[PDB]
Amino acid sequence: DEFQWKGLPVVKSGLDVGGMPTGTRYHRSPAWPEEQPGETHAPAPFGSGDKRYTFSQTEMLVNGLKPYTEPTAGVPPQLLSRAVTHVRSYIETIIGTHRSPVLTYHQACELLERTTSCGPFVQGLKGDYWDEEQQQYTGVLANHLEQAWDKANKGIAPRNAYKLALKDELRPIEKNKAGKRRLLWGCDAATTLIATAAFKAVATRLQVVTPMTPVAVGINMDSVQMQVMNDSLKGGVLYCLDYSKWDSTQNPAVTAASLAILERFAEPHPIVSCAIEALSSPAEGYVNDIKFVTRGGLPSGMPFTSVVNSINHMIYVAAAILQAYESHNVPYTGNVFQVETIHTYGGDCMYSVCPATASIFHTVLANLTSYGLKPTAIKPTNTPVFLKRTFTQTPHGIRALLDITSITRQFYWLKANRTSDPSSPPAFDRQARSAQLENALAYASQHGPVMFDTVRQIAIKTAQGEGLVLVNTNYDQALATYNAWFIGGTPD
């Protein structure tokens, strides 16, 4: 029995999961008590202890949730079918038609993220329950997953259920002022486990091959793979888009088609069948004692969010392009992903179109926005931008350059202990912070000796005000550490 809460349709969950957490892990660097030129970001609104603003955290949450209250237009079903076949057909030529076996319980468990929470039904972080080098989950999480695993092999799907929260991160000061904060959907571990067992080996297949498929997820942007992607762009007209509100504008029927494409490369199994039932059913966000059930869109915290969203993205652009040709009564003779070159990571994309498609691009963009997507925004480019990196020429080859402001903000802010005051001195370890700032310097070096010098002066100032010792502080050494990563394939 449904009711209204902050203007949302909502029901009582049978539980109480608690409210929005208070304070931030972010502290202003002890070295930088003053406002610097070119600063855009500060920690996002974090409730009553936050003396910068005056917002209700739940109203902030509810604002995040309002687009999930609306269904999206989507793709008319005959077009959709045609789109799906281009997508599935192209993938078959790249990773073949082998069907991967479902993982075992222990493999799937190994792959759960231990630094993160168990979702709404088990309390704490998954790590709390990890017996290191007995290499298994123990305790209340082990019981939760065992029961889930056992129910799924009987063909009983887990719940698509999320602990609702908001992300603690630096955001633009302009969004902070507007009382914005991003949603954090903490998935039920049971559900992550099942879907992991169903699809990890298919996701791995796509990753091993990256960027041969428009699913870029797993690409190392600091290696040869980025150059392979840069190369593929030549000979087309380039559009670089980043899509507004990507997760909230995803249509259920597109998502179900994406799930069935992944299913095509998996073993037909009760587990797979259970994972598809769960991931294609409406998302359910728990906060306090209520729950909100989505009417459309996808939670940003679902298992395989990036993979699924990138396949959705392939479906949608296939549809828009073929729809555009259709309305002009021109034939489309080959595969969409051969004739054009697509690269996606959810809503983030580069499209390298052929001259014919380029000529009708206004209608491609109107089809996309007719599906309920918001491309943002317009016009061909000569600068590729992907995953926040701008592809740039350097004296040692092209690189995918990290924004200078993303480098420098790491020097003015540090992640440390929870607080309601970002200007209180931090408690943190020096080893990890120093490592953070040596990497930053290696990234800065790719911008050349003039930008490097400016980040070096900032780094020397940080190091002394924060009590640090750093090594990548000179140009040649920093260039040398970035080079070792680039040719070695070394994370990062």
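Position 1 is the first residue in the sequence shown; the rest follow in order.
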- For 123 to 131 versus 236 to 244, entry-based mean Cα B-factors point to 123 to 131
- Message: Mean CA temperature factor from the deposited coordinates, higher in 273 to 281 or in 70 to 78?
- Response: 70 to 78
- Query: From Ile407, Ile378, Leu166, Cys187, can you pick the one with the highest C-alpha B factor in the entry?
  - Reply: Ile378
- Using the entry's values, work out which of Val450, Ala463, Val62, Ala444 has the largest Cα B factor. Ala463
- Task: Would you mind checking where the Cα B-factor of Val17 ranks among the modelled residues of its chain, as the lowest, middle or highest third?
- Result: middle
- Rank-wise, by C-alpha B-factor, drop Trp5 into the lowest, middle or highest third of its chain. middle
- Message: Is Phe361 in the lowest, middle or highest third of its chain when residues are ranked by C-alpha B-factor?
- Response: highest
- In terms of the chain's CA B-factor thirds, is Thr138 lowest, middle or highest? highest
- Query: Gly155: which third of its chain by C-alpha temperature factor?
  - Reply: highest
